[PDB]
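**Student:** Got a structure for you, questions after.
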Amino acid sequence: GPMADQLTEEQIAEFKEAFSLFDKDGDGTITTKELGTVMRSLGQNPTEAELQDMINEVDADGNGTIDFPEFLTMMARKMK
Amino acid sequence: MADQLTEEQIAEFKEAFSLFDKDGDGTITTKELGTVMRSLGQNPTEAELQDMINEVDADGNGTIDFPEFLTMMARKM
Amino acid sequence: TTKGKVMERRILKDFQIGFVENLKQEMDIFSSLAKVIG
Ligand SMILES: [Ca+2]
Ligand SMILES: [Ca+2]
Ligand SMILES: [Ca+2]
Ligand SMILES: [Ca+2]
């Protein structure tokens, strides 16, 4: 599970911008509610459990939400 | 992040908010964004305008208020 | 008026709506988001 070998600063800025679209209130975390809001804009209707599954696979410290370090770590990983 | 703002930056963002809040009702709507965008030579679709509101509409009430505008402005410094 | 329009154009750029519309067309949300930034 390494992050992508070539991770540019501009890709990191895009990760911050993407994070800010989920964390709209700017408290530095993404909740299941904030994730559901964005995915309902996408045309998906996930359940409260499906949302918790997607949070859980990004949530490295198990505190129930996603912070930017967790988001960035997962994003640069999927960047491969 | 909005707390890390100087007096001058808040005053500046307050002035900027009023440029978009055309009717002075304390909210920015899709229609007000559209009016400004078209005055600058952009022609967004209604769907794009709603996406723009949705980007920063943290409380999901359907418009941008000054707290949300300040959060946007502060985090993008 | 010119000062106001410059401020407006700068703030509108802050929405990055082209980048955001790219995500929406692409939409496993996090994998698909990686593709847009990829
Ligand atoms: Ca949040
Ligand atoms: Ca966490
Ligand atoms: Ca208004
Ligand atoms: Ca709002």
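Labels for the structure tokens follow display order: chains A, B, ..., residues from 1 in each chain, ligands from 1.
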Kindly provide, as a count of residues only, all nucleotide and amino acid residues lying within 7 Å of ligand 3, counting only C-alpha atoms and all ligand atoms.

**Tutor:** 10

**Student:** For chain C versus chain B, which residues have an atom no more than 8 Å away, and what is each residue's nearest atom pair and distance in Å rounded to one decimal, using only C-alpha atoms, chain-then-number order, as a Markdown table?

**Tutor:**
```
| residue | atom | partner | partner_atom | distance |
| --- | --- | --- | --- | --- |
| C:4 | CA | B:19 | CA | 7.1 |
| C:5 | CA | B:40 | CA | 7.5 |
| C:7 | CA | B:16 | CA | 6.8 |
| C:8 | CA | B:16 | CA | 7.2 |
| C:9 | CA | B:40 | CA | 7.3 |
| C:12 | CA | B:37 | CA | 7.7 |
| C:14 | CA | B:76 | CA | 7.3 |
| C:15 | CA | B:52 | CA | 6.5 |
| C:17 | CA | B:52 | CA | 6.6 |
| C:21 | CA | B:48 | CA | 7.5 |
```

**Student:** Go ahead and save the residues from that selection, with N, CA, C and O atoms, as a PDB file, in the first residue's frame.

**Tutor:**
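Dumped to result.pdb:
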```pdb
ATOM      1  N   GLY C   4     -14.241  46.001  -8.756  1.00  0.00           N
ATOM      2  CA  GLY C   4     -15.201  44.980  -8.377  1.00  0.00           C
ATOM      3  C   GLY C   4     -15.194  43.798  -9.326  1.00  0.00           C
ATOM      4  O   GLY C   4     -15.271  42.645  -8.896  1.00  0.00           O
ATOM      5  N   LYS C   5     -15.108  44.067 -10.638  1.00  0.00           N
ATOM      6  CA  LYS C   5     -15.105  42.957 -11.588  1.00  0.00           C
ATOM      7  C   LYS C   5     -13.859  42.096 -11.445  1.00  0.00           C
ATOM      8  O   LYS C   5     -13.926  40.879 -11.626  1.00  0.00           O
ATOM      9  N   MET C   7     -12.231  41.527  -8.626  1.00  0.00           N
ATOM     10  CA  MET C   7     -12.513  40.715  -7.443  1.00  0.00           C
ATOM     11  C   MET C   7     -13.469  39.577  -7.778  1.00  0.00           C
ATOM     12  O   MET C   7     -13.249  38.427  -7.379  1.00  0.00           O
ATOM     13  N   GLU C   8     -14.522  39.877  -8.539  1.00  0.00           N
ATOM     14  CA  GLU C   8     -15.483  38.843  -8.923  1.00  0.00           C
ATOM     15  C   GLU C   8     -14.826  37.745  -9.742  1.00  0.00           C
ATOM     16  O   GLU C   8     -15.074  36.550  -9.523  1.00  0.00           O
ATOM     17  N   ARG C   9     -13.984  38.122 -10.704  1.00  0.00           N
ATOM     18  CA  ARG C   9     -13.364  37.101 -11.541  1.00  0.00           C
ATOM     19  C   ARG C   9     -12.434  36.202 -10.728  1.00  0.00           C
ATOM     20  O   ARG C   9     -12.345  34.992 -10.977  1.00  0.00           O
ATOM     21  N   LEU C  12     -14.642  33.808  -8.649  1.00  0.00           N
ATOM     22  CA  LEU C  12     -15.230  32.771  -9.489  1.00  0.00           C
ATOM     23  C   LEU C  12     -14.202  31.702  -9.832  1.00  0.00           C
ATOM     24  O   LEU C  12     -14.527  30.510  -9.880  1.00  0.00           O
ATOM     25  N   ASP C  14     -12.008  30.664  -7.943  1.00  0.00           N
ATOM     26  CA  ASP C  14     -11.901  29.855  -6.728  1.00  0.00           C
ATOM     27  C   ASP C  14     -12.879  28.676  -6.703  1.00  0.00           C
ATOM     28  O   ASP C  14     -12.677  27.734  -5.926  1.00  0.00           O
ATOM     29  N   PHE C  15     -13.936  28.697  -7.524  1.00  0.00           N
ATOM     30  CA  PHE C  15     -14.861  27.565  -7.579  1.00  0.00           C
ATOM     31  C   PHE C  15     -14.314  26.390  -8.388  1.00  0.00           C
ATOM     32  O   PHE C  15     -14.799  25.267  -8.217  1.00  0.00           O
ATOM     33  N   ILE C  17     -14.762  25.362 -11.370  1.00  0.00           N
ATOM     34  CA  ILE C  17     -15.948  24.605 -11.742  1.00  0.00           C
ATOM     35  C   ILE C  17     -15.650  23.646 -12.893  1.00  0.00           C
ATOM     36  O   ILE C  17     -16.276  22.587 -13.004  1.00  0.00           O
ATOM     37  N   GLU C  21     -16.742  19.976 -12.669  1.00  0.00           N
ATOM     38  CA  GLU C  21     -17.587  19.323 -13.667  1.00  0.00           C
ATOM     39  C   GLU C  21     -16.920  18.071 -14.229  1.00  0.00           C
ATOM     40  O   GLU C  21     -17.611  17.121 -14.617  1.00  0.00           O
TER      41      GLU C  21
END
```

**Student:** Compare B:77, B:34, B:1, B:6 by their minimum atom-to-atom distance to chain A, counting only C-alpha atoms, and give me the closest one.

**Tutor:**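 Under the stated criterion, the closest residue is B:1.
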
**Student:** Grab the CA of residue 38 in chain A to CA of residue 3 in chain A distance for me, in Å with one decimal place.

**Tutor:** 24.7 Å

**Student:** Give the residues close to ligand 4, within 6 Å, counting only C-alpha atoms and all ligand atoms; write them as a PDB file with N, CA, C and O atoms, in the first residue's frame.

**Tutor:**
```pdb
ATOM      1  N   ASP B  57     -22.038  25.102  -0.148  1.00  0.00           N
ATOM      2  CA  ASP B  57     -23.267  25.200   0.647  1.00  0.00           C
ATOM      3  C   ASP B  57     -23.216  24.164   1.771  1.00  0.00           C
ATOM      4  O   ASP B  57     -23.861  23.112   1.738  1.00  0.00           O
ATOM      5  N   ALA B  58     -22.460  24.506   2.812  1.00  0.00           N
ATOM      6  CA  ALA B  58     -22.161  23.552   3.879  1.00  0.00           C
ATOM      7  C   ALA B  58     -23.410  23.130   4.644  1.00  0.00           C
ATOM      8  O   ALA B  58     -23.551  21.958   5.016  1.00  0.00           O
ATOM      9  N   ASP B  59     -24.331  24.053   4.906  1.00  0.00           N
ATOM     10  CA  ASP B  59     -25.511  23.635   5.652  1.00  0.00           C
ATOM     11  C   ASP B  59     -26.614  23.068   4.765  1.00  0.00           C
ATOM     12  O   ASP B  59     -27.651  22.637   5.284  1.00  0.00           O
ATOM     13  N   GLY B  60     -26.402  23.012   3.451  1.00  0.00           N
ATOM     14  CA  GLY B  60     -27.349  22.401   2.551  1.00  0.00           C
ATOM     15  C   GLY B  60     -28.668  23.128   2.428  1.00  0.00           C
ATOM     16  O   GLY B  60     -29.653  22.519   1.998  1.00  0.00           O
ATOM     17  N   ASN B  61     -28.721  24.417   2.800  1.00  0.00           N
ATOM     18  CA  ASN B  61     -29.989  25.138   2.756  1.00  0.00           C
ATOM     19  C   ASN B  61     -30.306  25.685   1.364  1.00  0.00           C
ATOM     20  O   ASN B  61     -31.406  26.225   1.166  1.00  0.00           O
ATOM     21  N   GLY B  62     -29.369  25.573   0.422  1.00  0.00           N
ATOM     22  CA  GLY B  62     -29.585  25.897  -0.982  1.00  0.00           C
ATOM     23  C   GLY B  62     -29.007  27.228  -1.435  1.00  0.00           C
ATOM     24  O   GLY B  62     -29.147  27.571  -2.629  1.00  0.00           O
ATOM     25  N   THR B  63     -28.413  28.008  -0.537  1.00  0.00           N
ATOM     26  CA  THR B  63     -27.737  29.258  -0.918  1.00  0.00           C
ATOM     27  C   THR B  63     -26.432  29.384  -0.149  1.00  0.00           C
ATOM     28  O   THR B  63     -26.175  28.634   0.789  1.00  0.00           O
ATOM     29  N   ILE B  64     -25.609  30.356  -0.544  1.00  0.00           N
ATOM     30  CA  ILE B  64     -24.355  30.672   0.154  1.00  0.00           C
ATOM     31  C   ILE B  64     -24.587  31.882   1.046  1.00  0.00           C
ATOM     32  O   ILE B  64     -24.946  32.956   0.552  1.00  0.00           O
ATOM     33  N   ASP B  65     -24.340  31.748   2.362  1.00  0.00           N
ATOM     34  CA  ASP B  65     -24.400  32.910   3.232  1.00  0.00           C
ATOM     35  C   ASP B  65     -22.982  33.421   3.541  1.00  0.00           C
ATOM     36  O   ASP B  65     -21.982  32.876   3.079  1.00  0.00           O
TER      37      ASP B  65
END
```

**Student:** Assign secondary structure with DSSP using the backbone only, and return the residues of chain C in helix (DSSP H, G or I) as a PDB file with N, CA, C and O atoms, in the first residue's frame.

**Tutor:**
```pdb
ATOM      1  N   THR C   2     -14.410  48.509 -12.194  1.00  0.00           N
ATOM      2  CA  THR C   2     -13.341  47.627 -12.654  1.00  0.00           C
ATOM      3  C   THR C   2     -12.726  46.865 -11.483  1.00  0.00           C
ATOM      4  O   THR C   2     -12.490  45.656 -11.575  1.00  0.00           O
ATOM      5  N   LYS C   3     -12.513  47.537 -10.348  1.00  0.00           N
ATOM      6  CA  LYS C   3     -11.988  46.835  -9.182  1.00  0.00           C
ATOM      7  C   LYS C   3     -12.936  45.727  -8.737  1.00  0.00           C
ATOM      8  O   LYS C   3     -12.493  44.626  -8.385  1.00  0.00           O
ATOM      9  N   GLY C   4     -14.241  46.001  -8.756  1.00  0.00           N
ATOM     10  CA  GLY C   4     -15.201  44.980  -8.377  1.00  0.00           C
ATOM     11  C   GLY C   4     -15.194  43.798  -9.326  1.00  0.00           C
ATOM     12  O   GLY C   4     -15.271  42.645  -8.896  1.00  0.00           O
ATOM     13  N   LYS C   5     -15.108  44.067 -10.638  1.00  0.00           N
ATOM     14  CA  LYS C   5     -15.105  42.957 -11.588  1.00  0.00           C
ATOM     15  C   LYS C   5     -13.859  42.096 -11.445  1.00  0.00           C
ATOM     16  O   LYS C   5     -13.926  40.879 -11.626  1.00  0.00           O
ATOM     17  N   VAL C   6     -12.706  42.701 -11.145  1.00  0.00           N
ATOM     18  CA  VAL C   6     -11.501  41.908 -10.922  1.00  0.00           C
ATOM     19  C   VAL C   6     -11.680  40.988  -9.715  1.00  0.00           C
ATOM     20  O   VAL C   6     -11.313  39.805  -9.752  1.00  0.00           O
ATOM     21  N   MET C   7     -12.231  41.527  -8.626  1.00  0.00           N
ATOM     22  CA  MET C   7     -12.513  40.715  -7.443  1.00  0.00           C
ATOM     23  C   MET C   7     -13.469  39.577  -7.778  1.00  0.00           C
ATOM     24  O   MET C   7     -13.249  38.427  -7.379  1.00  0.00           O
ATOM     25  N   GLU C   8     -14.522  39.877  -8.539  1.00  0.00           N
ATOM     26  CA  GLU C   8     -15.483  38.843  -8.923  1.00  0.00           C
ATOM     27  C   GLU C   8     -14.826  37.745  -9.742  1.00  0.00           C
ATOM     28  O   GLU C   8     -15.074  36.550  -9.523  1.00  0.00           O
ATOM     29  N   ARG C   9     -13.984  38.122 -10.704  1.00  0.00           N
ATOM     30  CA  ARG C   9     -13.364  37.101 -11.541  1.00  0.00           C
ATOM     31  C   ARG C   9     -12.434  36.202 -10.728  1.00  0.00           C
ATOM     32  O   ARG C   9     -12.345  34.992 -10.977  1.00  0.00           O
ATOM     33  N   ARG C  10     -11.721  36.785  -9.767  1.00  0.00           N
ATOM     34  CA  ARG C  10     -10.821  36.004  -8.927  1.00  0.00           C
ATOM     35  C   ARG C  10     -11.597  35.012  -8.067  1.00  0.00           C
ATOM     36  O   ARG C  10     -11.212  33.843  -7.952  1.00  0.00           O
ATOM     37  N   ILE C  11     -12.696  35.468  -7.466  1.00  0.00           N
ATOM     38  CA  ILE C  11     -13.509  34.592  -6.625  1.00  0.00           C
ATOM     39  C   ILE C  11     -14.139  33.483  -7.453  1.00  0.00           C
ATOM     40  O   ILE C  11     -14.197  32.327  -7.019  1.00  0.00           O
ATOM     41  N   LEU C  12     -14.642  33.808  -8.649  1.00  0.00           N
ATOM     42  CA  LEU C  12     -15.230  32.771  -9.489  1.00  0.00           C
ATOM     43  C   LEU C  12     -14.202  31.702  -9.832  1.00  0.00           C
ATOM     44  O   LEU C  12     -14.527  30.510  -9.880  1.00  0.00           O
ATOM     45  N   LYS C  13     -12.948  32.109 -10.070  1.00  0.00           N
ATOM     46  CA  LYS C  13     -11.919  31.113 -10.345  1.00  0.00           C
ATOM     47  C   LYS C  13     -11.742  30.175  -9.158  1.00  0.00           C
ATOM     48  O   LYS C  13     -11.403  29.004  -9.344  1.00  0.00           O
ATOM     49  N   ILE C  17     -14.762  25.362 -11.370  1.00  0.00           N
ATOM     50  CA  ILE C  17     -15.948  24.605 -11.742  1.00  0.00           C
ATOM     51  C   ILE C  17     -15.650  23.646 -12.893  1.00  0.00           C
ATOM     52  O   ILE C  17     -16.276  22.587 -13.004  1.00  0.00           O
ATOM     53  N   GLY C  18     -14.676  23.970 -13.743  1.00  0.00           N
ATOM     54  CA  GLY C  18     -14.276  23.020 -14.774  1.00  0.00           C
ATOM     55  C   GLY C  18     -13.735  21.730 -14.185  1.00  0.00           C
ATOM     56  O   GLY C  18     -14.128  20.631 -14.585  1.00  0.00           O
ATOM     57  N   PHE C  19     -12.840  21.851 -13.203  1.00  0.00           N
ATOM     58  CA  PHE C  19     -12.341  20.673 -12.501  1.00  0.00           C
ATOM     59  C   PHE C  19     -13.477  19.924 -11.813  1.00  0.00           C
ATOM     60  O   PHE C  19     -13.527  18.688 -11.837  1.00  0.00           O
ATOM     61  N   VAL C  20     -14.424  20.657 -11.227  1.00  0.00           N
ATOM     62  CA  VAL C  20     -15.536  20.017 -10.532  1.00  0.00           C
ATOM     63  C   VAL C  20     -16.481  19.340 -11.521  1.00  0.00           C
ATOM     64  O   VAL C  20     -16.998  18.249 -11.256  1.00  0.00           O
ATOM     65  N   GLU C  21     -16.742  19.976 -12.669  1.00  0.00           N
ATOM     66  CA  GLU C  21     -17.587  19.323 -13.667  1.00  0.00           C
ATOM     67  C   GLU C  21     -16.920  18.071 -14.229  1.00  0.00           C
ATOM     68  O   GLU C  21     -17.611  17.121 -14.617  1.00  0.00           O
ATOM     69  N   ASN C  22     -15.584  18.047 -14.260  1.00  0.00           N
ATOM     70  CA  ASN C  22     -14.861  16.853 -14.696  1.00  0.00           C
ATOM     71  C   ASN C  22     -15.124  15.671 -13.768  1.00  0.00           C
ATOM     72  O   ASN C  22     -15.406  14.560 -14.232  1.00  0.00           O
ATOM     73  N   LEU C  23     -15.004  15.884 -12.450  1.00  0.00           N
ATOM     74  CA  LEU C  23     -15.404  14.862 -11.481  1.00  0.00           C
ATOM     75  C   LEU C  23     -16.809  14.339 -11.733  1.00  0.00           C
ATOM     76  O   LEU C  23     -17.034  13.124 -11.762  1.00  0.00           O
ATOM     77  N   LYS C  24     -17.774  15.247 -11.887  1.00  0.00           N
ATOM     78  CA  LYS C  24     -19.170  14.835 -11.985  1.00  0.00           C
ATOM     79  C   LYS C  24     -19.412  13.951 -13.203  1.00  0.00           C
ATOM     80  O   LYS C  24     -20.123  12.942 -13.113  1.00  0.00           O
ATOM     81  N   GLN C  25     -18.807  14.293 -14.348  1.00  0.00           N
ATOM     82  CA  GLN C  25     -18.921  13.426 -15.516  1.00  0.00           C
ATOM     83  C   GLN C  25     -18.304  12.065 -15.242  1.00  0.00           C
ATOM     84  O   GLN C  25     -18.886  11.035 -15.598  1.00  0.00           O
ATOM     85  N   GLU C  26     -17.126  12.040 -14.606  1.00  0.00           N
ATOM     86  CA  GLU C  26     -16.469  10.774 -14.281  1.00  0.00           C
ATOM     87  C   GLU C  26     -17.351   9.893 -13.405  1.00  0.00           C
ATOM     88  O   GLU C  26     -17.369   8.669 -13.566  1.00  0.00           O
ATOM     89  N   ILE C  29     -16.364   6.069  -5.593  1.00  0.00           N
ATOM     90  CA  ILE C  29     -16.150   7.496  -5.846  1.00  0.00           C
ATOM     91  C   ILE C  29     -14.672   7.854  -5.781  1.00  0.00           C
ATOM     92  O   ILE C  29     -14.175   8.671  -6.569  1.00  0.00           O
ATOM     93  N   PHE C  30     -13.944   7.257  -4.839  1.00  0.00           N
ATOM     94  CA  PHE C  30     -12.568   7.681  -4.619  1.00  0.00           C
ATOM     95  C   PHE C  30     -11.650   7.198  -5.733  1.00  0.00           C
ATOM     96  O   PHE C  30     -10.718   7.914  -6.116  1.00  0.00           O
ATOM     97  N   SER C  31     -11.903   6.005  -6.274  1.00  0.00           N
ATOM     98  CA  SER C  31     -11.152   5.547  -7.440  1.00  0.00           C
ATOM     99  C   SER C  31     -11.409   6.447  -8.644  1.00  0.00           C
ATOM    100  O   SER C  31     -10.470   6.896  -9.311  1.00  0.00           O
ATOM    101  N   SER C  32     -12.685   6.729  -8.932  1.00  0.00           N
ATOM    102  CA  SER C  32     -13.029   7.592 -10.059  1.00  0.00           C
ATOM    103  C   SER C  32     -12.460   8.994  -9.884  1.00  0.00           C
ATOM    104  O   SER C  32     -12.111   9.655 -10.872  1.00  0.00           O
ATOM    105  N   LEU C  33     -12.358   9.465  -8.639  1.00  0.00           N
ATOM    106  CA  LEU C  33     -11.738  10.760  -8.392  1.00  0.00           C
ATOM    107  C   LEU C  33     -10.242  10.703  -8.686  1.00  0.00           C
ATOM    108  O   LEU C  33      -9.673  11.636  -9.261  1.00  0.00           O
ATOM    109  N   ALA C  34      -9.597   9.587  -8.341  1.00  0.00           N
ATOM    110  CA  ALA C  34      -8.186   9.417  -8.684  1.00  0.00           C
ATOM    111  C   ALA C  34      -7.966   9.522 -10.189  1.00  0.00           C
ATOM    112  O   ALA C  34      -6.966  10.096 -10.637  1.00  0.00           O
ATOM    113  N   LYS C  35      -8.903   8.990 -10.984  1.00  0.00           N
ATOM    114  CA  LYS C  35      -8.769   9.038 -12.437  1.00  0.00           C
ATOM    115  C   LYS C  35      -8.755  10.471 -12.951  1.00  0.00           C
ATOM    116  O   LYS C  35      -7.966  10.810 -13.841  1.00  0.00           O
ATOM    117  N   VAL C  36      -9.629  11.325 -12.415  1.00  0.00           N
ATOM    118  CA  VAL C  36      -9.704  12.704 -12.891  1.00  0.00           C
ATOM    119  C   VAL C  36      -8.405  13.443 -12.595  1.00  0.00           C
ATOM    120  O   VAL C  36      -7.890  14.190 -13.438  1.00  0.00           O
ATOM    121  N   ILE C  37      -7.858  13.255 -11.391  1.00  0.00           N
ATOM    122  CA  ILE C  37      -6.587  13.887 -11.047  1.00  0.00           C
ATOM    123  C   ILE C  37      -5.405  13.160 -11.690  1.00  0.00           C
ATOM    124  O   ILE C  37      -4.344  13.767 -11.888  1.00  0.00           O
TER     125      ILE C  37
END
```

**Student:** Residues of chain A within 8 Å of chain B, counting only C-alpha atoms - could you list those as an MDAnalysis selection string?

**Tutor:** chainID A and resid 21 24:26

**Student:** Collect all residues with atoms no farther than 8 Å from ligand 2, counting only C-alpha atoms and all ligand atoms, and output them as a count of residues only.

**Tutor:** 12

**Student:** A:51, A:42, A:13, A:72: which is nearest chain C, counting only C-alpha atoms?

**Tutor:**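 When distances to chain C are compared using only C-alpha atoms, the smallest one comes from A:42.
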
**Student:** Could you work out how far CA of residue 1 in chain A lies from CA of residue 77 in chain A, giving the answer in Å with one decimal?

**Tutor:**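 Distance between the two atoms: 6.7 Å.
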
**Student:** Report as a PyMOL selection string: the residues of chain A with a DSSP assignment of strand (DSSP E or B), based on the backbone of this structure.

**Tutor:** chain A and resi 29-30+66-67

**Student:** Taking only C-alpha atoms into account, find every residue of chain A that has an atom no more than 10 Å from chain C, and write it out as an MDAnalysis selection string.

**Tutor:** chainID A and resid 7 10:15 17:18 21 35 38:39 41:44 54 58 71 74:80
